[PDB]
Protein chains: 4
Amino acid sequence: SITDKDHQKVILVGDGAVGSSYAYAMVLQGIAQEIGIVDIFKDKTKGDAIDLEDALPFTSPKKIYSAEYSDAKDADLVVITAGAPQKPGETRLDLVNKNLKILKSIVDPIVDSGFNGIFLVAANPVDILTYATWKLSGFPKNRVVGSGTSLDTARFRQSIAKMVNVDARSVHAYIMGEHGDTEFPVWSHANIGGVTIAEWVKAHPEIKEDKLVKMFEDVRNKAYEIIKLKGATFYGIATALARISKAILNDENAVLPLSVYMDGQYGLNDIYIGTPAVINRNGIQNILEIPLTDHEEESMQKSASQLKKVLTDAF
Amino acid sequence: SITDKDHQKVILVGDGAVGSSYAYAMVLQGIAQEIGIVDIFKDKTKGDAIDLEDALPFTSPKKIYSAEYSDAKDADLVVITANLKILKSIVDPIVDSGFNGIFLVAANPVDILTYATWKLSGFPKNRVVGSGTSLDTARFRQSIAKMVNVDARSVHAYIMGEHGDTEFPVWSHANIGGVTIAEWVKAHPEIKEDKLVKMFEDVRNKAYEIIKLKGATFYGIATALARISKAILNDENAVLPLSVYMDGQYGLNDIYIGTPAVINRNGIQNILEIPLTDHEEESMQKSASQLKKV
Amino acid sequence: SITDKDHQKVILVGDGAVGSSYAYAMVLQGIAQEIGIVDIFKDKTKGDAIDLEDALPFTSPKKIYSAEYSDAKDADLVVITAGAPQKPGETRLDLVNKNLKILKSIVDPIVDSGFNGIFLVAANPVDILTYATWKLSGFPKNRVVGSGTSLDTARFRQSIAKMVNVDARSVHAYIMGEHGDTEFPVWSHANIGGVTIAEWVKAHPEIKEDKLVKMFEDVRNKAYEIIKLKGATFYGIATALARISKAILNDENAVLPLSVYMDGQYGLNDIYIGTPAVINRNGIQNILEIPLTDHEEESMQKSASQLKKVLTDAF
Amino acid sequence: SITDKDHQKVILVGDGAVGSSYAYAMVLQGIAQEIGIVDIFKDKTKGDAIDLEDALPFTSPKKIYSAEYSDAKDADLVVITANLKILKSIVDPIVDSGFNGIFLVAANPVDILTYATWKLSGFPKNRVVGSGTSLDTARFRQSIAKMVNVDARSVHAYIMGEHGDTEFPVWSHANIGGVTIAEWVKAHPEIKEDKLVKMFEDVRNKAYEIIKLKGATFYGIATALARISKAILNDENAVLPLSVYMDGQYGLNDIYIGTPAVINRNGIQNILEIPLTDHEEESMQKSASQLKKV
């Protein structure tokens, strides 16, 4: 039967707080039918798998288990989460190189298993590791996807939502560029129920320019704030990963801000970087090129340039 | 216990295709815990209630029954789908029951009957809500979504004004994932201006086309009513295009007309005044004028 | 990419109140990504498709359209709903024969399209037409499924639920046999949260035997009551069909009372009849054989015997 | 408006792995509209609240914040996960706030601390609920589901008694789609009695195994707490195994212990007394005895 294929299988690589929280999100939302969890720390993955299985009688059924790279053979999705952290005083290039070795030891056995689905990359630095996964795997550009600025965009939406007291699902505003210190807000096309932020501020002049600038700064620094407060961030990114997973596995043609391959968009080439894109069961369909102001376009060029320099030195 | 209040009750007035379909939507999506169905045809409402109850083992539980206006005493929401003298015969007994929630009006002509429900009921402006152009807006979004092959949930565009022949599209603020339609056409010039014109004309005539094909429209509006119901009952502060009372917005006063608004458990919280182009503003003024005259 | 298959497609044959309501249930619950609606009345199917599409912006996306049998080529599921109604004074055998001709004109072009999924049969008489679909299609027994007594079982559960004031999801009780006048309740294994009905009645002696007997009678006659009141029944069966569809398309291994092929169970052979079964993406896995009391087993034998006689005369 | 009440508020006490995970579950499933998180470690609760808020654009909206006991004034539900003197320092200020909803107790030893919360709070018996053997029951169901390759939602089996080493399986009423385990083994004799014994022993030791492997258990109980929370807030009259007050059931009095019960917006509505075999009843008596003595 053609309906022998109606079994969606996800292989998760990295079972830190991000990977674990992602698996839990997929369990609670009933997304996919099978999750294999791969990590060097085997005991932890078994522990997580059996803790997660106990949730199953209150949600939809799944097979969940501690897995190996060879289990990716018939997977739909390989989700790569756990980047080696930057050490005090280590360069960005050194961070990249140590992650490339590790990432090679994940991607090569996954490819060798016969895996032929979509790579979803969340490991930091995400735009760089998305590109690296593309280079290592040999896959088509549109089947290697990074989480990019999807989380920063959610943070930005929720911050605006709180300021104006509106459901963030009615707020539409992007953060773009390389996820990290060089990302920028796209204020020119940001809106609340279709009303641009510029228009909203005209109607509500108590909202000062200084507060909007600070709101974006606070978004850019949000991970640092959360890490300072509780040690690590995870609920945001796990949720954003589950959302991306659903867009793929339910073939949605949803627009999400993701790390996608530049082929001329924004005057950029041959890097992965954060922009809105349409995603479906076959990966990235269209890349949306928001017409940026001169100030926004310069931010995009600066973000990309430093990123491209690091990629060039790295490969 | 304060938790004795965690029981949400809807009274539906009118059990035609629209009302029936709305009840089904509420059942399937697990919205509210109690639905009473009020209509002159008592046998039908009983038939519907018991057919609907049969869906409940595959969803979350509810109390569903054939109801009378007096059952609105402790309802959260009265949804009117059942037409001017008829409305007075519904609203007066609902008010007389002690009902003290939110009126959601879907009966046609909706903007007029929303106003009329406000006048008859004596309720505050923000607690009498009409479905307005929420359905035309969904039609418009889905039509754009099909043209560009994108989830409609990523298309943002409004139809505004009076629901009916004088409604208009707000192209100036319409977008797909934040990229305005004018910007999208520049990037995708196979999309001709004439197709966009036609798209809106097809949205405006869509009820007529559906009626011609199968006799009546109901899945669209049922679904829009359920969505509005969820925004209220889950206190969302969602932005939806609804029939709301004009107190200066767009230069208008003392009518209910379609515009985006924030809605929550207490009804309308903010009315969004989209800055319209001169052409869009004239369309709004003309739609409102003719409506106000009636 | 293997994730080119993550697009679930349902072809609905019959766009009466049952088929239409089913399509609406699938839209609201976000089940499957594509519904093609096939009916002799083409205008009605176009009308329904476009009315349904207007719901899409408040739920998950789908392709919905007026379809033809050839569109079943790559479908997961073909759902057959609209049986020709029994006319006053027409025999049951005549009802069967006129439905067989029509059903042949559906099943042969579906098979000829290359369809290779699962047939879900809801058209009345359902157990007979499930068997007939099996005979006509050539498919394996476990990929031709009828709705059977899933709806009667829901009616029974909800009636008990109302009597005792408990969520019907906590009530577990079956109606079995041929869906229709010969079906019977399985009181011996019926329970509320694990407490059998016999045990519940001991604890709550206000519940009289006469009331339980009447409750089952009222379930058996429920369609007649609904038809007398509003002309037709549809919300019950549409919901039960969507539930079965979800069990298949999400590979649940759920237990549902369905019309399934007897290979010795209950002392029966070579008929489709209603019993609990496990269903998943490949159709019927296990058939559950509830150990019936002598009275319940005799009801099952009588239901099956008359059914088998009609099938024999018909083929 | 009566609809001003359509806003459900939870106060969570204890923001360790269990409490954090529960908040995440409530967020993802769209249960309640407001979560305040109370813990001695204020920086952590703020860190969690803002990490959680970042999930809200992909789900339904909520207010989520670092909270204090005084915020329980108008809560629907107080969920205690944070341990005997500690409990008095939580319950007294919650009661003093004016809180008047339902206590859901998950802290270990749960049956004891549920009783203690009842004693300290002065609340009615049916409005102090413990998670009891809801998690052990889920473990048991999933373990059977895996053995037979059936959705656990179609497996019905209970663990009862005090949550902990004296709990026991109710094999006499356990079933898979209505077919008792004794009946299933007759049809499937590759399933040995020894495997069933082991299965229960593995359920009883499961927390220990999980702790050994990853240090702490949390997804199971979080999920069970969210399910109980939904049963209350959506007024379900669902049957769940919970810690409930014994008033004669199973020959027991004046303790909280695990048994199936009906729960709705007002808390416990009926306690189900499963007719146990002599062996199962003795297990219940022994579990209760030792508990009562403590």
# chains A, B, ... in the order shown; residues from 1 in each chain; ligands from 1

$ interface_residues --of "chain B" --to "chain C" --cutoff "6 Å" --atoms "only C-alpha atoms" --output "MDAnalysis selection string"
chainID B and resid 43:44 47 51:52 54:55 57 61 138:139 151:153 210 213:214 219:220 223

$ write_last_selection --atoms "N, CA, C and O atoms" --output "mmCIF file, in the first residue's frame"
data_model
loop_
_atom_site.group_PDB
_atom_site.id
_atom_site.type_symbol
_atom_site.label_atom_id
_atom_site.label_comp_id
_atom_site.auth_asym_id
_atom_site.auth_seq_id
_atom_site.Cartn_x
_atom_site.Cartn_y
_atom_site.Cartn_z
ATOM 1 N N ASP B 43 -38.449 20.246 16.556
ATOM 2 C CA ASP B 43 -38.038 18.929 16.154
ATOM 3 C C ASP B 43 -36.631 18.943 15.496
ATOM 4 O O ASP B 43 -35.762 18.160 15.909
ATOM 5 N N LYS B 44 -36.358 19.885 14.598
ATOM 6 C CA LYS B 44 -35.062 19.983 13.989
ATOM 7 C C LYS B 44 -33.956 20.225 14.974
ATOM 8 O O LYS B 44 -32.881 19.630 14.826
ATOM 9 N N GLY B 47 -33.181 17.069 16.725
ATOM 10 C CA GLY B 47 -32.536 16.168 15.777
ATOM 11 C C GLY B 47 -31.084 16.511 15.638
ATOM 12 O O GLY B 47 -30.234 15.651 15.744
ATOM 13 N N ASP B 51 -27.740 14.385 16.975
ATOM 14 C CA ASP B 51 -26.792 13.980 15.922
ATOM 15 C C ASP B 51 -25.405 14.482 16.340
ATOM 16 O O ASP B 51 -24.405 13.744 16.236
ATOM 17 N N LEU B 52 -25.354 15.746 16.767
ATOM 18 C CA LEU B 52 -24.141 16.315 17.273
ATOM 19 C C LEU B 52 -23.549 15.625 18.496
ATOM 20 O O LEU B 52 -22.335 15.517 18.620
ATOM 21 N N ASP B 54 -23.559 12.638 19.157
ATOM 22 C CA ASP B 54 -22.876 11.408 18.663
ATOM 23 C C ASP B 54 -21.443 11.636 18.259
ATOM 24 O O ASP B 54 -20.660 10.692 18.209
ATOM 25 N N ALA B 55 -21.061 12.877 17.994
ATOM 26 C CA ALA B 55 -19.659 13.217 17.728
ATOM 27 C C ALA B 55 -18.823 13.345 19.023
ATOM 28 O O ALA B 55 -17.595 13.208 18.993
ATOM 29 N N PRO B 57 -18.117 11.492 21.835
ATOM 30 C CA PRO B 57 -17.079 10.525 22.175
ATOM 31 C C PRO B 57 -15.742 10.640 21.395
ATOM 32 O O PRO B 57 -14.765 10.011 21.825
ATOM 33 N N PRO B 61 -15.929 16.650 25.891
ATOM 34 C CA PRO B 61 -17.344 16.601 26.232
ATOM 35 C C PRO B 61 -18.050 17.949 26.234
ATOM 36 O O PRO B 61 -17.433 18.987 26.439
ATOM 37 N N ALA B 138 -11.323 36.192 4.914
ATOM 38 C CA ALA B 138 -10.851 34.818 4.697
ATOM 39 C C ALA B 138 -10.884 34.403 3.205
ATOM 40 O O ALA B 138 -9.948 33.807 2.707
ATOM 41 N N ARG B 139 -11.994 34.692 2.523
ATOM 42 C CA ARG B 139 -12.095 34.377 1.067
ATOM 43 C C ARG B 139 -10.938 35.030 0.332
ATOM 44 O O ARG B 139 -10.317 34.435 -0.536
ATOM 45 N N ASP B 151 0.471 29.058 2.327
ATOM 46 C CA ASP B 151 -0.509 28.925 3.411
ATOM 47 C C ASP B 151 -1.247 30.266 3.602
ATOM 48 O O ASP B 151 -0.588 31.292 3.786
ATOM 49 N N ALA B 152 -2.587 30.288 3.593
ATOM 50 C CA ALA B 152 -3.312 31.523 3.852
ATOM 51 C C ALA B 152 -3.015 32.129 5.210
ATOM 52 O O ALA B 152 -3.261 33.337 5.426
ATOM 53 N N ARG B 153 -2.544 31.314 6.128
ATOM 54 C CA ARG B 153 -2.209 31.830 7.464
ATOM 55 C C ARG B 153 -0.986 32.794 7.370
ATOM 56 O O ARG B 153 -0.689 33.511 8.304
ATOM 57 N N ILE B 210 -21.402 30.332 -4.841
ATOM 58 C CA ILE B 210 -21.601 29.134 -4.017
ATOM 59 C C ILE B 210 -23.096 28.747 -4.019
ATOM 60 O O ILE B 210 -23.449 27.550 -4.181
ATOM 61 N N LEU B 213 -24.104 27.136 -7.135
ATOM 62 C CA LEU B 213 -23.587 25.779 -7.285
ATOM 63 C C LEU B 213 -24.228 24.751 -6.358
ATOM 64 O O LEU B 213 -24.507 23.638 -6.776
ATOM 65 N N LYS B 214 -24.426 25.089 -5.097
ATOM 66 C CA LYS B 214 -24.978 24.126 -4.170
ATOM 67 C C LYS B 214 -26.145 24.628 -3.340
ATOM 68 O O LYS B 214 -26.548 23.938 -2.426
ATOM 69 N N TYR B 219 -20.079 26.628 5.311
ATOM 70 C CA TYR B 219 -18.836 26.249 5.931
ATOM 71 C C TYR B 219 -17.939 27.448 6.247
ATOM 72 O O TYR B 219 -17.327 27.480 7.337
ATOM 73 N N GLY B 220 -17.930 28.451 5.370
ATOM 74 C CA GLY B 220 -17.084 29.639 5.550
ATOM 75 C C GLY B 220 -17.473 30.407 6.778
ATOM 76 O O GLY B 220 -16.648 30.652 7.672
ATOM 77 N N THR B 223 -17.117 28.626 10.215
ATOM 78 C CA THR B 223 -15.780 28.565 10.639
ATOM 79 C C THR B 223 -15.294 29.912 11.209
ATOM 80 O O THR B 223 -14.630 29.936 12.244
#

$ calpha_fit_and_write --fixed "chain D" --moving "chain B" --output "compact mmCIF listing (two decimals) with C-alpha atoms, in the first residue's frame"
# COMPACT_ATOMS: atom_id res chain seq x y z
CA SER B 1 -20.03 41.18 31.54
CA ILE B 2 -20.13 37.57 32.82
CA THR B 3 -17.40 36.90 30.17
CA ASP B 4 -14.88 38.83 32.29
CA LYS B 5 -14.47 35.44 34.05
CA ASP B 6 -13.32 33.66 30.86
CA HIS B 7 -9.69 33.97 31.90
CA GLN B 8 -8.11 30.99 33.54
CA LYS B 9 -5.22 31.51 35.85
CA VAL B 10 -2.72 29.06 37.27
CA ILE B 11 -0.15 29.62 39.97
CA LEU B 12 2.68 27.17 39.94
CA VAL B 13 4.76 26.70 43.07
CA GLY B 14 8.18 25.17 42.42
CA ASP B 15 10.13 25.88 39.23
CA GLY B 16 12.43 22.83 39.15
CA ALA B 17 12.41 20.48 36.19
CA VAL B 18 8.87 19.28 36.99
CA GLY B 19 7.30 22.72 37.36
CA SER B 20 9.14 24.17 34.36
CA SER B 21 8.18 21.25 32.18
CA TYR B 22 4.55 21.52 33.33
CA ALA B 23 4.49 25.19 32.39
CA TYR B 24 5.87 24.28 28.97
CA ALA B 25 3.16 21.65 28.55
CA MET B 26 0.46 24.17 29.41
CA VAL B 27 1.93 26.61 26.93
CA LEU B 28 2.15 24.15 24.07
CA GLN B 29 -1.29 22.74 24.60
CA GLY B 30 -2.94 26.16 25.04
CA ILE B 31 -4.26 25.36 28.49
CA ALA B 32 -5.14 28.44 30.67
CA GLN B 33 -4.44 32.06 29.89
CA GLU B 34 -2.12 33.03 32.70
CA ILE B 35 0.70 31.25 34.55
CA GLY B 36 2.50 32.76 37.49
CA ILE B 37 5.62 30.89 38.61
CA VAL B 38 6.57 31.07 42.26
CA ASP B 39 9.93 29.80 43.63
CA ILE B 40 12.62 30.94 46.07
CA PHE B 41 15.03 31.31 43.16
CA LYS B 42 13.62 34.47 41.65
CA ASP B 43 16.17 34.88 38.94
CA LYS B 44 15.36 31.36 37.66
CA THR B 45 11.63 31.94 37.61
CA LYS B 46 12.17 35.14 35.61
CA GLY B 47 14.52 33.27 33.22
CA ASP B 48 11.92 30.53 32.73
CA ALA B 49 9.00 32.93 32.28
CA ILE B 50 10.82 34.86 29.52
CA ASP B 51 12.10 31.67 27.79
CA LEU B 52 8.56 30.35 27.85
CA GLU B 53 7.07 33.60 26.58
CA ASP B 54 9.23 33.07 23.41
CA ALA B 55 7.11 30.01 22.59
CA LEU B 56 3.87 32.06 22.66
CA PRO B 57 3.94 33.36 19.08
CA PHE B 58 3.69 29.67 17.94
CA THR B 59 0.79 28.88 20.28
CA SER B 60 -2.12 30.61 21.92
CA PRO B 61 -1.45 33.72 23.99
CA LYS B 62 -0.82 33.77 27.73
CA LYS B 63 0.42 36.01 30.48
CA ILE B 64 3.47 34.33 32.02
CA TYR B 65 5.53 35.85 34.82
CA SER B 66 7.56 35.32 37.92
CA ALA B 67 5.04 35.43 40.72
CA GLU B 68 4.53 35.63 44.53
CA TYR B 69 2.05 33.77 46.78
CA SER B 70 -0.15 36.91 46.89
CA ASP B 71 -0.78 36.47 43.14
CA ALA B 72 -2.93 33.42 43.99
CA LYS B 73 -5.80 35.74 45.10
CA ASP B 74 -7.82 35.11 41.94
CA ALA B 75 -6.20 31.93 40.64
CA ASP B 76 -8.23 28.93 39.47
CA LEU B 77 -5.55 26.45 40.23
CA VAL B 78 -2.48 26.28 42.54
CA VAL B 79 -0.09 23.52 41.46
CA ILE B 80 2.44 22.49 44.09
CA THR B 81 5.59 20.78 42.85
CA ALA B 82 8.26 22.33 45.18
CA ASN B 83 9.16 18.49 52.14
CA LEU B 84 6.77 19.03 55.17
CA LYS B 85 7.66 22.38 56.83
CA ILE B 86 8.14 23.83 53.38
CA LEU B 87 4.55 23.04 52.51
CA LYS B 88 3.18 25.11 55.49
CA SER B 89 5.22 28.07 54.27
CA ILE B 90 3.49 27.75 50.88
CA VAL B 91 -0.09 26.92 51.77
CA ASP B 92 -0.59 29.57 54.49
CA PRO B 93 0.35 32.57 52.34
CA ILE B 94 -1.63 31.13 49.37
CA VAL B 95 -4.73 30.80 51.60
CA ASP B 96 -4.05 34.26 53.10
CA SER B 97 -4.09 35.74 49.59
CA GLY B 98 -7.76 34.88 49.27
CA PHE B 99 -7.16 31.95 46.92
CA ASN B 100 -10.36 30.04 46.46
CA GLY B 101 -9.79 27.50 43.65
CA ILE B 102 -8.32 23.96 43.54
CA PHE B 103 -5.03 22.73 44.86
CA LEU B 104 -3.22 20.22 42.69
CA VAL B 105 -0.38 18.60 44.65
CA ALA B 106 2.50 16.77 42.90
CA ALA B 107 5.30 17.13 45.44
CA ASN B 108 6.63 13.89 46.94
CA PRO B 109 5.44 11.98 48.97
CA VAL B 110 2.33 13.02 47.11
CA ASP B 111 -0.48 11.22 49.05
CA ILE B 112 0.89 12.47 52.34
CA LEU B 113 1.43 16.01 51.07
CA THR B 114 -2.07 16.06 49.53
CA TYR B 115 -3.55 15.18 52.88
CA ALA B 116 -1.22 17.79 54.47
CA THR B 117 -2.37 20.44 52.01
CA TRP B 118 -6.00 19.61 52.93
CA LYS B 119 -5.20 19.95 56.68
CA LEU B 120 -3.20 23.17 56.28
CA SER B 121 -5.51 24.87 53.83
CA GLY B 122 -8.90 24.17 55.41
CA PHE B 123 -10.28 23.59 51.94
CA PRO B 124 -12.98 21.06 51.18
CA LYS B 125 -11.73 17.46 50.50
CA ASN B 126 -12.76 17.50 46.88
CA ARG B 127 -10.77 20.67 46.11
CA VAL B 128 -7.42 19.31 47.23
CA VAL B 129 -6.23 16.81 44.61
CA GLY B 130 -2.97 14.90 44.30
CA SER B 131 -1.43 13.50 41.14
CA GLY B 132 -1.33 10.16 43.03
CA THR B 133 -0.87 7.19 40.66
CA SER B 134 -1.80 9.01 37.48
CA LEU B 135 1.84 8.79 36.27
CA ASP B 136 2.36 5.12 37.38
CA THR B 137 -0.90 4.35 35.55
CA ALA B 138 0.36 6.07 32.37
CA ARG B 139 3.69 4.14 32.69
CA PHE B 140 1.67 0.93 33.04
CA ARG B 141 -0.54 1.67 30.09
CA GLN B 142 2.43 2.57 27.87
CA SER B 143 4.30 -0.55 28.90
CA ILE B 144 1.31 -2.72 27.94
CA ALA B 145 0.87 -0.66 24.73
CA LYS B 146 4.48 -1.40 23.71
CA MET B 147 4.17 -5.09 24.52
CA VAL B 148 1.07 -5.48 22.30
CA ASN B 149 1.72 -2.75 19.73
CA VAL B 150 -1.53 -0.79 20.42
CA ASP B 151 -2.04 2.94 21.06
CA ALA B 152 -1.92 3.40 24.88
CA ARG B 153 -5.10 5.44 24.55
CA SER B 154 -6.74 2.02 23.86
CA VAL B 155 -5.19 0.38 26.96
CA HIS B 156 -6.99 0.72 30.23
CA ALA B 157 -5.22 -0.34 33.40
CA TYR B 158 -4.59 1.14 36.79
CA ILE B 159 -1.92 1.29 39.36
CA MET B 160 -3.49 2.17 42.72
CA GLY B 161 -2.63 2.76 46.34
CA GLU B 162 -0.01 5.11 47.66
CA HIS B 163 2.28 6.35 44.87
CA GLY B 164 5.57 4.66 45.85
CA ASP B 165 6.75 1.17 46.76
CA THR B 166 3.41 -0.17 48.03
CA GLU B 167 1.40 0.66 44.94
CA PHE B 168 -0.10 -2.28 43.04
CA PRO B 169 -1.50 -3.15 39.62
CA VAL B 170 -5.24 -3.75 39.18
CA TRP B 171 -4.86 -6.63 36.75
CA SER B 172 -8.39 -7.90 37.38
CA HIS B 173 -9.88 -4.88 35.50
CA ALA B 174 -6.98 -4.13 33.14
CA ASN B 175 -7.83 -4.40 29.48
CA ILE B 176 -6.96 -3.58 25.88
CA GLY B 177 -9.92 -2.29 23.94
CA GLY B 178 -12.26 -4.03 26.45
CA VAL B 179 -10.44 -7.43 26.26
CA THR B 180 -9.16 -8.16 29.79
CA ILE B 181 -5.47 -8.96 30.18
CA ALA B 182 -6.47 -12.55 31.33
CA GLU B 183 -8.48 -12.87 28.09
CA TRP B 184 -5.61 -11.39 25.99
CA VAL B 185 -3.01 -13.85 27.38
CA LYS B 186 -5.35 -16.77 26.52
CA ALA B 187 -5.52 -15.54 22.93
CA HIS B 188 -1.77 -14.70 22.85
CA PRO B 189 0.08 -17.32 24.91
CA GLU B 190 3.58 -16.04 23.91
CA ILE B 191 2.84 -13.48 26.69
CA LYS B 192 4.12 -15.22 29.88
CA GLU B 193 2.88 -14.50 33.40
CA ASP B 194 6.48 -13.77 34.37
CA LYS B 195 6.63 -10.90 31.84
CA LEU B 196 3.55 -9.35 33.27
CA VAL B 197 5.05 -9.57 36.78
CA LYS B 198 8.20 -7.92 35.50
CA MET B 199 6.30 -5.26 33.70
CA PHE B 200 4.68 -4.15 36.93
CA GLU B 201 8.03 -4.30 38.83
CA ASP B 202 9.58 -2.13 36.09
CA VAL B 203 6.68 0.37 36.39
CA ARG B 204 7.22 0.52 40.18
CA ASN B 205 10.97 1.09 39.78
CA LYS B 206 10.65 3.38 36.72
CA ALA B 207 11.52 6.67 38.46
CA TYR B 208 14.65 5.06 39.87
CA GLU B 209 15.69 3.82 36.38
CA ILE B 210 15.07 7.26 34.80
CA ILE B 211 17.00 8.98 37.64
CA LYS B 212 19.86 6.55 37.17
CA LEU B 213 19.98 7.30 33.45
CA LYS B 214 19.51 11.06 33.27
CA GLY B 215 19.37 12.32 36.86
CA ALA B 216 15.71 13.28 37.26
CA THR B 217 12.19 12.43 35.92
CA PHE B 218 9.99 15.20 34.64
CA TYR B 219 8.26 14.74 31.27
CA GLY B 220 5.88 12.06 32.64
CA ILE B 221 4.60 13.94 35.63
CA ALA B 222 4.48 17.29 33.81
CA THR B 223 2.27 15.75 31.21
CA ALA B 224 -0.01 14.08 33.78
CA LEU B 225 -0.35 17.43 35.64
CA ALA B 226 -1.28 19.20 32.43
CA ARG B 227 -3.89 16.51 31.65
CA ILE B 228 -5.41 16.90 35.15
CA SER B 229 -5.31 20.66 34.76
CA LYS B 230 -7.26 20.35 31.44
CA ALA B 231 -9.88 18.07 33.06
CA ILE B 232 -10.54 20.75 35.68
CA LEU B 233 -10.37 23.82 33.45
CA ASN B 234 -12.47 22.31 30.63
CA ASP B 235 -14.97 20.77 33.18
CA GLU B 236 -14.59 17.32 31.66
CA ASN B 237 -15.88 14.84 34.25
CA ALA B 238 -12.92 12.72 33.21
CA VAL B 239 -11.95 9.57 35.06
CA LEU B 240 -8.34 9.77 36.26
CA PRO B 241 -6.43 7.95 38.94
CA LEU B 242 -5.74 10.60 41.59
CA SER B 243 -5.01 11.02 45.25
CA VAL B 244 -8.50 11.44 46.75
CA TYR B 245 -9.93 11.37 50.29
CA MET B 246 -11.18 8.03 51.57
CA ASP B 247 -14.63 8.08 53.17
CA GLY B 248 -15.27 4.32 53.33
CA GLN B 249 -14.08 3.30 49.88
CA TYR B 250 -12.12 0.02 49.98
CA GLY B 251 -12.81 -0.07 53.73
CA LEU B 252 -10.54 2.98 54.15
CA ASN B 253 -10.99 6.32 56.04
CA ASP B 254 -9.22 9.62 56.59
CA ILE B 255 -6.34 9.35 54.19
CA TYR B 256 -5.66 10.44 50.63
CA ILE B 257 -4.78 7.55 48.39
CA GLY B 258 -4.73 6.67 44.68
CA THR B 259 -7.90 5.50 42.98
CA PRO B 260 -9.81 6.37 39.90
CA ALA B 261 -12.06 9.41 40.35
CA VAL B 262 -14.24 11.73 38.24
CA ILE B 263 -12.88 15.28 38.11
CA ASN B 264 -14.37 18.49 36.78
CA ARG B 265 -14.29 22.24 37.31
CA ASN B 266 -15.29 21.79 40.95
CA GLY B 267 -12.72 19.12 41.69
CA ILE B 268 -13.42 15.52 42.64
CA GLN B 269 -17.06 14.55 41.84
CA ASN B 270 -17.22 10.80 42.36
CA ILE B 271 -14.62 8.38 43.64
CA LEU B 272 -14.72 5.09 41.74
CA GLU B 273 -14.45 2.08 43.89
CA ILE B 274 -13.12 -0.69 41.65
CA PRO B 275 -14.21 -4.11 43.02
CA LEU B 276 -10.81 -5.56 43.81
CA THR B 277 -9.91 -9.27 44.08
CA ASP B 278 -8.98 -10.43 47.57
CA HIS B 279 -5.30 -10.23 46.67
CA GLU B 280 -5.73 -6.66 45.17
CA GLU B 281 -7.77 -5.53 48.25
CA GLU B 282 -5.03 -6.74 50.61
CA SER B 283 -2.51 -4.75 48.58
CA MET B 284 -4.75 -1.71 48.97
CA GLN B 285 -5.13 -2.29 52.73
CA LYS B 286 -1.36 -2.71 53.17
CA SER B 287 -0.56 0.38 51.12
CA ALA B 288 -3.13 2.41 53.12
CA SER B 289 -2.02 1.01 56.52
CA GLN B 290 1.56 1.98 56.22
CA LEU B 291 0.51 5.37 54.80
CA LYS B 292 -2.00 5.99 57.61
CA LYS B 293 0.61 5.13 60.24
CA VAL B 294 3.03 7.74 58.91

$ closest_atom_pairs --of "chain C" --to "chain A" --cutoff "10 Å" --atoms "only C-alpha atoms" --output "Markdown table"
| residue | atom | partner | partner_atom | distance |
| --- | --- | --- | --- | --- |
| C:1 | CA | A:117 | CA | 5.1 |
| C:2 | CA | A:117 | CA | 5.4 |
| C:3 | CA | A:76 | CA | 5.5 |
| C:4 | CA | A:282 | CA | 5.8 |
| C:5 | CA | A:5 | CA | 6.9 |
| C:6 | CA | A:249 | CA | 5.9 |
| C:7 | CA | A:251 | CA | 6.3 |
| C:8 | CA | A:6 | CA | 7.7 |
| C:9 | CA | A:3 | CA | 10.0 |
| C:30 | CA | A:250 | CA | 9.2 |
| C:31 | CA | A:250 | CA | 9.4 |
| C:32 | CA | A:250 | CA | 8.0 |
| C:33 | CA | A:250 | CA | 7.1 |
| C:60 | CA | A:252 | CA | 7.4 |
| C:61 | CA | A:252 | CA | 6.1 |
| C:62 | CA | A:252 | CA | 8.1 |
| C:74 | CA | A:2 | CA | 7.7 |
| C:75 | CA | A:2 | CA | 8.0 |
| C:76 | CA | A:3 | CA | 5.5 |
| C:77 | CA | A:3 | CA | 8.1 |
| C:115 | CA | A:2 | CA | 8.5 |
| C:116 | CA | A:1 | CA | 5.4 |
| C:117 | CA | A:1 | CA | 5.1 |
| C:118 | CA | A:3 | CA | 7.4 |
| C:139 | CA | A:1 | CA | 9.6 |
| C:140 | CA | A:1 | CA | 9.6 |
| C:143 | CA | A:1 | CA | 8.2 |
| C:247 | CA | A:60 | CA | 9.9 |
| C:248 | CA | A:6 | CA | 8.1 |
| C:249 | CA | A:6 | CA | 5.9 |
| C:250 | CA | A:6 | CA | 6.8 |
| C:251 | CA | A:7 | CA | 6.3 |
| C:252 | CA | A:61 | CA | 6.1 |
| C:253 | CA | A:61 | CA | 8.3 |
| C:254 | CA | A:61 | CA | 9.1 |
| C:280 | CA | A:4 | CA | 9.2 |
| C:281 | CA | A:3 | CA | 5.6 |
| C:282 | CA | A:4 | CA | 5.8 |
| C:283 | CA | A:3 | CA | 8.6 |
